[PDB]
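Only one chain is included here, represented as structure tokens and corresponding to the form solved without its partner chain.
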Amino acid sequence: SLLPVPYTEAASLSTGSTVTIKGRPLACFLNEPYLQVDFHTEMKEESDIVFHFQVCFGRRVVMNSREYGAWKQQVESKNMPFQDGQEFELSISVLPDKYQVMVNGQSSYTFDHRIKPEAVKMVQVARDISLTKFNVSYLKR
């Protein structure tokens, strides 16, 4: 739709920051579209990933970090608040100890910090969605 996917934006995060995403899957859930949001330590896409969030719509969610080139311990969830064929609003809040992921206003996933959020320099949104809104909040010290 409005914003090109894969979408890449330089970013800084600390406690109280929020990344908000509005979009829509490009396929019905039977065809298993994916959505990926990655918080990178550098602008280059091969850089380390502080927080990797990957949805297989209708099936499962996986979260992980990539540290010095190597994926760490995968966290898997079968929580699936996304709705087949619907636009979604996704919010990722930086809390003191974890990321909190809200889907359409409802807390749906969390992920404890493995690397300080201050290491993030870039956010990338990719895979099988159209993206109409992307915002990183920058209001707090």
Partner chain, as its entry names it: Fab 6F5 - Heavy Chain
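Positions refer to the first chain, counted from 1.
As the entry records it, the average C-alpha temperature factor is higher for 95 to 103, out of 95 to 103 and 31 to 39. Of the two stretches examined, 111 to 119 and 46 to 54, the record assigns the greater average C-alpha temperature factor to 111 to 119.
Looking at the C-alpha B-factors along this chain, the one for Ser130 belongs to the middle third.
Compared with the other modelled residues of the chain, the Cα B-factor recorded for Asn64 ranks in the lowest third. When the modelled residues of the chain are ordered by their C-alpha B factor, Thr15 lands in the highest third.
Form solved in complex with its partner chain: not shown, discussed below.
The closest non-hydrogen atom of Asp48 lies within 4.5 Å of its partner chain in the deposited bound form.
Mapping the unseen interface onto this chain, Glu67 counts among the residues with a heavy atom inside 4.5 Å of its partner chain in the deposited bound form. Judged against its partner chain in the deposited bound form with a 4.5 angstroms heavy atom cut-off, the residues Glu42, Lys116 and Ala119 are in contact without exception.
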